[PDB]
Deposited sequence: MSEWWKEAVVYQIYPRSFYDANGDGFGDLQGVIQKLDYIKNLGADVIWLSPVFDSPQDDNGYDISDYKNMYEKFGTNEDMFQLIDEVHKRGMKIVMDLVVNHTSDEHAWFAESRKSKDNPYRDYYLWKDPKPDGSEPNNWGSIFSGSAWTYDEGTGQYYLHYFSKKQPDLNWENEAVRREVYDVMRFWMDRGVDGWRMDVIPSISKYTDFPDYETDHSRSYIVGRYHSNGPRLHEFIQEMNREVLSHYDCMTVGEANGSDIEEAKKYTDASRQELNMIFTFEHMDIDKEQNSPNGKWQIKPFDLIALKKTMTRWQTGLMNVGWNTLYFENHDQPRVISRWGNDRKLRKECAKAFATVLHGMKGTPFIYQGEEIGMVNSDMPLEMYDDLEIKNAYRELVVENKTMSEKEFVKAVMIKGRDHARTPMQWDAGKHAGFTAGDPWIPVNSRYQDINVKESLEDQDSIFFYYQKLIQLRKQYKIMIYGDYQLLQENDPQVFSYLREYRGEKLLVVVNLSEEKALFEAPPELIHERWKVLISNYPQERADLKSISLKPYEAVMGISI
């Protein structure tokens, strides 16, 4: 299946390329950079959402599923992009955002008018408690309550995300039909698949029970916010009504998912989705459940990474399918977060890439990951994301569960905007992103980190990624082989083995700044190896003295 063998490149289009000079990346800009992506070697593009939206959550608050936001272009520009993707032998996946819409979507503008409106039951409306307060103690992921009051009609509406992202009512069959008609509209025009935004949230517990009260916080995000009673029923209905009618790929964004849930979504026999993004490996550097959420930082712990990635590799080894990612539009640059982004930036970027691309699953490359883009030193006032604005207000100003200094430090490590500063094309003004003024500043280190310098340097992170993708297309063991963690207890080295039809692939990566040692276990000592890739210049893999961030992948001969 082409989706098993794919390498996906995720574009965050407002930050990719600005062809028309307004500072906002656009769909013709994407078209003009497709040759670059094909030369890297990715065969599938996932576009973050370009549908009409007032941009409260930068496109994830959609106000029209059948038209583009004007700064991206028009549907004609989108149809051309689909065509240009296909002319290059590639595929395009769009972002399906159907847990919620914008409050400016015509559906919601109508819903909120009156209880008798035909759109009233497209959304989730509930009476206040007798004292006027919210139906329950559920929280929003972007801080505060999940409920907002509408004075006109005397009810609250639910939003798991912002107050400008009212949640759709999937109990109403008319809403399910509306979603399936959106999907067919785009698929009939050549969209090859969907990345499904917060897909585990679409089914609600319609009794809306309170969470057990904590004492540490007023609003709670927990187990009712996902995996509702009708979740898999709905995904199975979407497959029958839509996905089964096209040659397509689907990936669900699945924050909160564990390995058994992943098998419910991804086991082919269940006729749901092809794969999902879990957050469990993204969650290793926060406390389990602080009121400060992901902003309650912990240092990188390689043993925690090895345990989580291994549970996923073994859990979906012979049923379902994994996604493989360290970066996306919601995550910091991994080398800044967990590694060295200075003197060992190249070695480190290549080392995290080798850990990831040596595994079973579909790899995702976030725009700029392939040139080693890094987190930004911009001051807090320059950040754009509503998530930061809302968390500063709740955690620092109001509840005082984080100090100013601690919050600033956490945002410098994990703010989503580190992913969103423009793609770095060359060393000229605004890194070649725009001839105008970019919507957020370009990262201050762009003169040293960009596509131009990368293509001029044979030792670039770019060529290393290009090689990993080539290897994947040449060596079927990388796609189909099983997985075994080796040297499990080593606190510096992530090593593992893939096996397929009597061939072995050995991946050994020192995720640390200091020297380390890998010794092959006893069963492998009489293997002969050929080195397929390494991030140091100078094949006896039974014993490897590893330099800082040294990575090597060998195949048995």
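- Comparing the deposited sequence with the modelled residues shows gaps at 1-2, 541-542, with numbering starting at 1.
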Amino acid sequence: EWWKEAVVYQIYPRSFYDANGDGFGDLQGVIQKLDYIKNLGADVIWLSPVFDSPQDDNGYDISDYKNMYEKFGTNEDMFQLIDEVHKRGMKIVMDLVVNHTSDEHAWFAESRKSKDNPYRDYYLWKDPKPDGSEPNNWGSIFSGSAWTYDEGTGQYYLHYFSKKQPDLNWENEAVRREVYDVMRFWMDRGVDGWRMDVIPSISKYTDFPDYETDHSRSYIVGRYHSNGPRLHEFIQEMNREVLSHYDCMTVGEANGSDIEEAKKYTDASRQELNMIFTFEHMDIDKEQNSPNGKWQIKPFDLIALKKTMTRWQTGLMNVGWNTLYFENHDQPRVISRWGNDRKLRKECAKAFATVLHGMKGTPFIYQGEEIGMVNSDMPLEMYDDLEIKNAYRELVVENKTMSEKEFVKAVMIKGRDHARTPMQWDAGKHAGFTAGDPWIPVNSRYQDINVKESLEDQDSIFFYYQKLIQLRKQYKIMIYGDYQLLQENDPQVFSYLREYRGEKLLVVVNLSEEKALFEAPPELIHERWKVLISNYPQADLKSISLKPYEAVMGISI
From here on, numbers count along this sequence of modelled residues.
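- As listed in the deposited structure, the average C-alpha B-factor of 103-111 and of 221-229 is greater for 221-229.
- As recorded in the PDB entry, 256-264 is the stretch of 256-264 and 326-334 with the greater mean C-alpha temperature factor.
- Remark: of 516, 42, 27, 509, 516 shows the highest value [criterion: C-alpha B-factor in the PDB entry].
- Annotation for 358, 372, 339, 132: 132 ranks highest, by Cα B-factor.
- Residue 367: CA B factor lies in the lowest third for its chain, per the PDB record.
- Among all modelled residues in this chain, the alpha-carbon of residue 400 has a temperature factor (C-alpha) in the highest third.
- Sorting the modelled residues of the chain by their CA temperature factor places residue 520 in the highest third.
- Ranked by Cα temperature factor within the chain, residue 300 sits in the lowest third according to the deposited record.
- Sort the chain's modelled residues by C-alpha temperature factor and residue 281 lands in the lowest third, per the entry.
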